[PDB]
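First the structure, in the form of structure tokens, and then the observations on it.
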Amino acid sequence: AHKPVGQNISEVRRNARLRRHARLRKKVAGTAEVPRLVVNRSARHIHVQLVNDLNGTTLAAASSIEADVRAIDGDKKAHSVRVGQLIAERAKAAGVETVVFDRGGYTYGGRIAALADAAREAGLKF
Amino acid sequence: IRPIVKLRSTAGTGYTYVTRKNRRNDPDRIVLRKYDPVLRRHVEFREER
Amino acid sequence: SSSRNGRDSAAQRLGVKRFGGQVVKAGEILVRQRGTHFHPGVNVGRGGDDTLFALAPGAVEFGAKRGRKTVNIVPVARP
Amino acid sequence: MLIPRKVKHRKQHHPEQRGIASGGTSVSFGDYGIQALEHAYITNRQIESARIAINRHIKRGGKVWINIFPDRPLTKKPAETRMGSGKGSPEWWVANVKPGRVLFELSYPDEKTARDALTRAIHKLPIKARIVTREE
Amino acid sequence: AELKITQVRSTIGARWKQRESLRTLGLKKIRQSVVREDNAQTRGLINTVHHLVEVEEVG
RNA sequence: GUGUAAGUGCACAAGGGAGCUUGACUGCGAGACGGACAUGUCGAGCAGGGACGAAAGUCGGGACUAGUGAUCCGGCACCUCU
RNA sequence: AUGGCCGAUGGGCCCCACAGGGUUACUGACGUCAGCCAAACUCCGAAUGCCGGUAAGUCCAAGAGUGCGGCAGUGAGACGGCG
RNA sequence: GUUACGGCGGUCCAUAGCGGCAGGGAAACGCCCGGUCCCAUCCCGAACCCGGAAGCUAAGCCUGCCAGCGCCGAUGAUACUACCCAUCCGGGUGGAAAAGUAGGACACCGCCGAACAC
């Protein structure tokens with residue numbers, strides 16, 4: 001038989017990411033007038049939601065899954081800027097200009113920072 | 001003489017005042033610390049001995 | 001003989017000043033406390049002495065959130 | 001004489017002599033036992049004298065248990081002194097014995113000698129008490 | 001549904017709640033009888049001053 | 001473990017570490033606590049000019065509660081007062 | 001803090017070195033079974049009381065309550081019930 | 001709309017956990033491959049970050065099985081208890097009513113998205 005003994009780095013990463021997500025989410029929370037732009041970031045893809053934590057409901061979502069962004073001949077940062085553009089314009093459609101950025105317990109840089117800067121360009125305020 | 005004395009941090013560019021406390025056994029007299037004065041804005045303050 | 005005791009501090013009048021349902025103004029002291037036996041929640045803030053004050057009008061609502069006992073201020077809807 | 005190795009508080013309020021005992025109401029250790037019917041502070045001296053009385057009325061053979069430890073201090077001001085000037089220093093060590101509480105237990109073959117030994121102990125004790133049995 | 005409540009004992013030695021409950025029932029003297037309903041309010045008042053009153057279910 | 005007594009709290013960390021820093025600010029303060037009086041305490045929020053932070057936001061000393069002394073009198077600095 | 005159980009630990013003994021071993025008349029921690037205690041212990045937790053709201057009651061009165069002001073006196077309490 | 005599903009949240013944050021023993025890899029979550037680039041380690045490309053898609057569900061994650069450990073847990077009774085009666089009975093009345101125990105309780109709810117369906 002087999003029995004691994006230590007929790008894998010995947011478990012460590014997941015639990016730690018959730019810890020520091022909750023850490024910043026102590027201060028950050030979303031509303032209908034200032035939604036929480038919450039990020040999830042895998043090594044393959046990136047996802048964002050706009051949340052109103054009052055009711056725990058999502059207003060607009062975007063991701064590097066759909067073909068319109070998956071078809072880019074570029075890096076994950078290129079996919080990220082496209083996702084930021086998409087969630088910006090979808091939020092504008094939903095009646096949003098101002099949000100608060102939840103980086104999902106990740107480090108603000110690279111892909112996440114590019115997404116955020118792209119949404120800032122496209123019109124969202126943060 | 002006390003270790004933690006009054007200090008009386010005064011300002012450069014106008015010698016007006018802010019006061020707080022700082023231990024004497026730090027190897028200096030010079031607590032250069034920024035502060036907002038009346039009649040000007042944020043500038044460096046030092047301790048007149 | 002003699003006693004080495006005899007001292008005591010001043011009573012600090014800690015406690016809960018505005019209980020559940022009590023309508024309060026903003027800034028009203030709800031809870032005088034040393035730590036966070038009562039935690040701050042909706043429209044409630046924590047002072048330097050761990051005192052709980054309303055950030056908005058409403059009726060005090062005592063609740064729980066992840067085991068912590070919380071103090072919340074629910075709005076009073078005007079007619 | 002029984003006594004604790006230490007107490008966190010040497011000077012304590014008098015234990016409340018009220019209520020029927022909620023624990024130690026039964027035997028759980030032996031065959032025959034002493035049950036109390038009054039409230040009282042039972043002391044080191046009382047406990048040791050009663051234990052000794054049992055151990056003398058009957059000898060090698062059987063076993064004895066003491067289901068109470070006197071860990072509750074009782075102070076005494078000096079004599080020929082005025083009231084005040086602080087609380088007294090610990091003099092006595094007692095156990096607050098509510099009714100129902102089983103104090104002494106033993107296992108011995110003959111019910112006669114066992115009951116008689118327990119009677120000796122009760123006469124050493126300051127309270128009205130009772131013989132009880134593991135069976136009922 | 002209706003209760004005749006007759007004060008039989010005095011307020012002397014009686015506590016504030018009891019005295020004011022008697023007042024709230026409308027009683028001010030021994031052998032003063034007042035007629036009330038069997039509601040919860042007067043039931044609670046009677047529970048507070050049962051020792052001071054004699055109660056009779058009308059009809 | 002929390003600088004230090006104890007308690008209340010803190011693992012969501014208020015505990016441990018690093019970077020940058022001086023808000024250990026100025027003018028103010030809705031409203032409250034406590035309340036013989038005098039004392040004392042919390043305080044969102046507005047502005048100024050700042051620190052940190054990508055931003056939200058936080059910062060008017062310290063996890064909290066002790067670490068202090070009324071008034072008179074006089075001293076020092078500054079002030080478009082007399 | 002009571003008794004059991006286990007048995008580290010040491011003390012001895014024997015193999016007798018010095019280590020490593022078994023073995024114990026003994027101590028016997030830790031852990032565990034059962035029964036217990038605490039004003040400065042609490043996984044718990046009342047009743048009452050307290051705060052607030054609300055509906056009523058009393059309501060030709062409690063001669064209430066609050067605010068202001070004039071005038072006070074009191075600021076040595078006692079016993080009893082309960083804690 | 002359906003998923004052995006990916007996120008974001010909620011609950012008097014344990015009926016939710018832990019530990020099972022049998023399973024899954026569609027997209028996704030993941031480990032995983034490498035450090036050229038932003039970035040990074042008080043040392044370490046372990047982590048953080050970036051670029052990637054070789055193989056693997058082994059683990060995390062997820063699904064089913066549970067009273068094994070913990071958690072919840074009535075009722076009734078008892079204790080305690082406000083008021084009352086009672087010339088010591090701390091006796092008793094009518095109200096409130098635990099803890100412990102026992103019987104029994106094994107995750108749920110919402111929003112979005114993904115694949116499919118459509």
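By order in the structure tokens, chains are A, B, ...; within a chain, residues start at 1; ligands start at 1, following the order shown.
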Checklist entry - Contacts of region 16-31 of chain D at 6 Å or less, counting only C-alpha atoms (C1' of nucleotides), minus same-chain residues fewer than 5 places along, as a list in words? => result residues 39, 98, 99, 100, 101, 102, 105, 106, 107, 133 and 134 of chain D
Give me the residues of chain H that have any atom at most 7 Å from an atom of chain A; for each, the nearest atom pair and the distance in Å, rounded to one decimal. Use only C-alpha atoms (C1' of nucleotides), sort by chain and number, and format it as a tab-separated table.
residue	atom	partner	partner_atom	distance
H:9	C1'	A:56	CA	4.9
H:31	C1'	A:10	CA	6.3
H:38	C1'	A:110	CA	6.2
H:59	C1'	A:8	CA	6.2
H:60	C1'	A:11	CA	4.8
H:111	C1'	A:57	CA	4.0
H:112	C1'	A:58	CA	5.3
Item to check | Residues flagged strand (DSSP E or B) by DSSP in chain D, as a PyMOL selection string | outcome: chain D and resi 32-36+40-43+63-66+72-76+89-97+102-107+129-133
Next on the checklist: Could you tell me which residues of chain C sit within 9 Å of chain G when counting only C-alpha atoms (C1' of nucleotides), and give me the result as a PyMOL selection string?
Outcome noted: chain C and resi 16-23
Go ahead and save the residues from that selection, with C-alpha atoms, as a short mmCIF file (atom, residue, chain, number, x, y, z; two decimals), in the first residue's frame.
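The resulting file, out35.cif, is shown below:
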data_model
loop_
_atom_site.label_atom_id
_atom_site.label_comp_id
_atom_site.auth_asym_id
_atom_site.auth_seq_id
_atom_site.Cartn_x
_atom_site.Cartn_y
_atom_site.Cartn_z
CA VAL C 16 -23.21 47.35 27.82
CA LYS C 17 -24.75 50.79 27.66
CA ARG C 18 -27.28 50.20 24.89
CA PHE C 19 -28.88 46.78 24.76
CA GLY C 20 -30.78 45.04 22.00
CA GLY C 21 -33.48 47.11 20.41
CA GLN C 22 -32.28 50.36 21.95
CA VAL C 23 -32.33 53.07 19.33
#
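Taking CA of residue 5 (chain E) and CA of residue 34 (chain E) as the two end points, the separation is 5.4 Å.
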Chain C near chain H within 10 Å: what's each residue's closest atom pair and its distance in Å to one decimal, counting only C-alpha atoms (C1' of nucleotides), ordered by chain then ascending residue number, as CSV?
residue,atom,partner,partner_atom,distance
C:63,CA,H:12,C1',8.2
C:64,CA,H:12,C1',6.9
C:65,CA,H:13,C1',7.5
C:66,CA,H:13,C1',4.9
C:67,CA,H:13,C1',6.5
C:68,CA,H:13,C1',9.7
Write the residues of the preceding selection, restricted to C-alpha atoms, as a PDB file, in the first residue's frame.
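Ended up saving to selection00.pdb:
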ATOM      1  CA  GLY C  63     -25.447  38.799  16.882  1.00  0.00           C
ATOM      2  CA  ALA C  64     -22.749  36.247  16.241  1.00  0.00           C
ATOM      3  CA  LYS C  65     -20.308  35.821  13.395  1.00  0.00           C
ATOM      4  CA  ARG C  66     -17.879  32.900  13.341  1.00  0.00           C
ATOM      5  CA  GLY C  67     -18.218  32.373  17.080  1.00  0.00           C
ATOM      6  CA  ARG C  68     -17.455  35.959  17.974  1.00  0.00           C
TER       7      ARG C  68
END
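With CA of residue 19 (chain B) on one side and CA of residue 51 (chain C) on the other, the separation reads 28.4 Å.
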At most 7 Å is the cut-off: for each residue in chain F with any atom that close to an atom of chain C, write down the nearest atom pair and the distance in Å rounded to one decimal, counting only C-alpha atoms (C1' of nucleotides), chain first then increasing number, as CSV.
residue,atom,partner,partner_atom,distance
F:8,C1',C:35,CA,5.1
F:9,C1',C:35,CA,4.2
F:31,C1',C:27,CA,4.7
F:32,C1',C:28,CA,4.1
F:33,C1',C:29,CA,5.8
F:42,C1',C:47,CA,6.2
F:43,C1',C:27,CA,5.9
F:44,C1',C:55,CA,5.5
F:64,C1',C:34,CA,4.8
F:65,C1',C:34,CA,6.3
Emit the selected residues as a PDB file, in the first residue's frame, including N, CA and C atoms (P, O5', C5', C4', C3', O3' and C1' of nucleotides).
ATOM      1  P     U F   8     -10.341  36.498  32.360  1.00  0.00           P
ATOM      2  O5'   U F   8     -10.793  37.581  31.296  1.00  0.00           O
ATOM      3  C5'   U F   8     -11.931  38.380  31.549  1.00  0.00           C
ATOM      4  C4'   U F   8     -12.100  39.467  30.523  1.00  0.00           C
ATOM      5  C3'   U F   8     -12.082  39.007  29.083  1.00  0.00           C
ATOM      6  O3'   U F   8     -13.331  38.509  28.661  1.00  0.00           O
ATOM      7  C1'   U F   8     -10.673  40.874  29.324  1.00  0.00           C
ATOM      8  P     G F   9     -13.388  37.527  27.408  1.00  0.00           P
ATOM      9  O5'   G F   9     -12.820  38.425  26.235  1.00  0.00           O
ATOM     10  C5'   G F   9     -11.998  37.863  25.237  1.00  0.00           C
ATOM     11  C4'   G F   9     -11.235  38.914  24.494  1.00  0.00           C
ATOM     12  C3'   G F   9     -10.452  38.414  23.302  1.00  0.00           C
ATOM     13  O3'   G F   9     -11.249  38.298  22.145  1.00  0.00           O
ATOM     14  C1'   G F   9      -9.073  39.772  24.636  1.00  0.00           C
ATOM     15  P     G F  31     -24.243  67.132  19.087  1.00  0.00           P
ATOM     16  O5'   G F  31     -24.295  65.595  19.459  1.00  0.00           O
ATOM     17  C5'   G F  31     -25.185  64.745  18.767  1.00  0.00           C
ATOM     18  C4'   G F  31     -24.762  63.307  18.838  1.00  0.00           C
ATOM     19  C3'   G F  31     -24.800  62.672  20.208  1.00  0.00           C
ATOM     20  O3'   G F  31     -26.101  62.241  20.551  1.00  0.00           O
ATOM     21  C1'   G F  31     -22.770  62.134  19.129  1.00  0.00           C
ATOM     22  P     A F  32     -26.669  62.391  22.041  1.00  0.00           P
ATOM     23  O5'   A F  32     -26.162  61.077  22.763  1.00  0.00           O
ATOM     24  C5'   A F  32     -25.091  61.131  23.682  1.00  0.00           C
ATOM     25  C4'   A F  32     -24.317  59.848  23.707  1.00  0.00           C
ATOM     26  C3'   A F  32     -23.796  59.428  25.064  1.00  0.00           C
ATOM     27  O3'   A F  32     -24.758  58.731  25.830  1.00  0.00           O
ATOM     28  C1'   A F  32     -22.031  59.405  23.537  1.00  0.00           C
ATOM     29  P     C F  33     -24.766  58.867  27.426  1.00  0.00           P
ATOM     30  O5'   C F  33     -23.484  58.047  27.869  1.00  0.00           O
ATOM     31  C5'   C F  33     -23.369  56.680  27.528  1.00  0.00           C
ATOM     32  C4'   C F  33     -22.049  56.111  27.956  1.00  0.00           C
ATOM     33  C3'   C F  33     -21.753  56.229  29.434  1.00  0.00           C
ATOM     34  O3'   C F  33     -22.335  55.189  30.191  1.00  0.00           O
ATOM     35  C1'   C F  33     -19.886  56.967  28.189  1.00  0.00           C
ATOM     36  P     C F  42      -9.475  58.077  25.246  1.00  0.00           P
ATOM     37  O5'   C F  42     -10.683  57.612  24.342  1.00  0.00           O
ATOM     38  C5'   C F  42     -11.048  56.253  24.357  1.00  0.00           C
ATOM     39  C4'   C F  42     -12.335  55.989  23.634  1.00  0.00           C
ATOM     40  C3'   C F  42     -12.454  56.527  22.232  1.00  0.00           C
ATOM     41  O3'   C F  42     -11.725  55.801  21.269  1.00  0.00           O
ATOM     42  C1'   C F  42     -14.450  56.929  23.384  1.00  0.00           C
ATOM     43  P     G F  43     -11.075  56.590  20.040  1.00  0.00           P
ATOM     44  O5'   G F  43     -12.323  57.261  19.335  1.00  0.00           O
ATOM     45  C5'   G F  43     -13.325  56.448  18.762  1.00  0.00           C
ATOM     46  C4'   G F  43     -14.504  57.250  18.291  1.00  0.00           C
ATOM     47  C3'   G F  43     -14.212  58.274  17.225  1.00  0.00           C
ATOM     48  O3'   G F  43     -14.157  57.705  15.939  1.00  0.00           O
ATOM     49  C1'   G F  43     -15.497  59.262  18.913  1.00  0.00           C
ATOM     50  P     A F  44     -12.919  58.002  14.973  1.00  0.00           P
ATOM     51  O5'   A F  44     -13.571  57.868  13.536  1.00  0.00           O
ATOM     52  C5'   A F  44     -14.252  56.677  13.201  1.00  0.00           C
ATOM     53  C4'   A F  44     -15.660  56.930  12.740  1.00  0.00           C
ATOM     54  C3'   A F  44     -15.818  57.826  11.533  1.00  0.00           C
ATOM     55  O3'   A F  44     -15.561  57.174  10.308  1.00  0.00           O
ATOM     56  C1'   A F  44     -17.323  58.508  13.192  1.00  0.00           C
ATOM     57  P     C F  64      -2.689  49.335  23.553  1.00  0.00           P
ATOM     58  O5'   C F  64      -4.014  49.117  24.385  1.00  0.00           O
ATOM     59  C5'   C F  64      -5.259  49.441  23.806  1.00  0.00           C
ATOM     60  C4'   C F  64      -6.399  49.119  24.726  1.00  0.00           C
ATOM     61  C3'   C F  64      -6.278  49.676  26.124  1.00  0.00           C
ATOM     62  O3'   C F  64      -6.673  51.028  26.193  1.00  0.00           O
ATOM     63  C1'   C F  64      -6.899  47.416  26.232  1.00  0.00           C
ATOM     64  P     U F  65      -5.744  52.103  26.923  1.00  0.00           P
ATOM     65  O5'   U F  65      -6.115  51.919  28.451  1.00  0.00           O
ATOM     66  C5'   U F  65      -7.460  52.049  28.855  1.00  0.00           C
ATOM     67  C4'   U F  65      -7.752  51.307  30.123  1.00  0.00           C
ATOM     68  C3'   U F  65      -6.895  51.646  31.324  1.00  0.00           C
ATOM     69  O3'   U F  65      -7.325  52.824  31.985  1.00  0.00           O
ATOM     70  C1'   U F  65      -7.156  49.297  31.135  1.00  0.00           C
TER      71        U F  65
END
Item to check | Residues near region 1-3 of chain G, cut-off 8 Å, only C-alpha atoms (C1' of nucleotides), skip fewer than 6 positions along chain, as a list in words | outcome: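 That gives residues 29, 65, 66, 67, 68 and 69 of chain D; 35, 36 and 37 of chain G.
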Next on the checklist: Using Å and a single decimal, report how far CA of residue 33 (chain A) sits from CA of residue 74 (chain C).
Outcome noted: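 Distance between the two atoms: 18.9 Å.
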Item to check | Members of chain A assigned alpha helix (DSSP H) by DSSP, as an NGL selection string | outcome: :A and (9-25 or 67-70 or 76-94 or 111-122)
Next on the checklist: Tell me as number ranges by chain which residues belonging to chain E come within 9 Å of chain H, counting only C-alpha atoms (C1' of nucleotides).
Outcome noted: E: 47-51
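Nearest residue to chain A, choosing from F:82, F:39, F:58, F:4 and counting only C-alpha atoms (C1' of nucleotides): F:58.
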Sorted per-residue table, chain G near chain E, closest atoms and distance, 9 Å, only C-alpha atoms (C1' of nucleotides), as CSV:
residue,atom,partner,partner_atom,distance
G:56,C1',E:41,CA,7.7
G:57,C1',E:24,CA,5.4
G:58,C1',E:24,CA,4.3
G:62,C1',E:23,CA,7.8
Item to check | chain C contacts on chain D, only C-alpha atoms, 8 Å, as a list in words | outcome: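 Using only C-alpha atoms, chain D residues at most 8 Å from chain C: residues 85, 86 and 87 of chain D.
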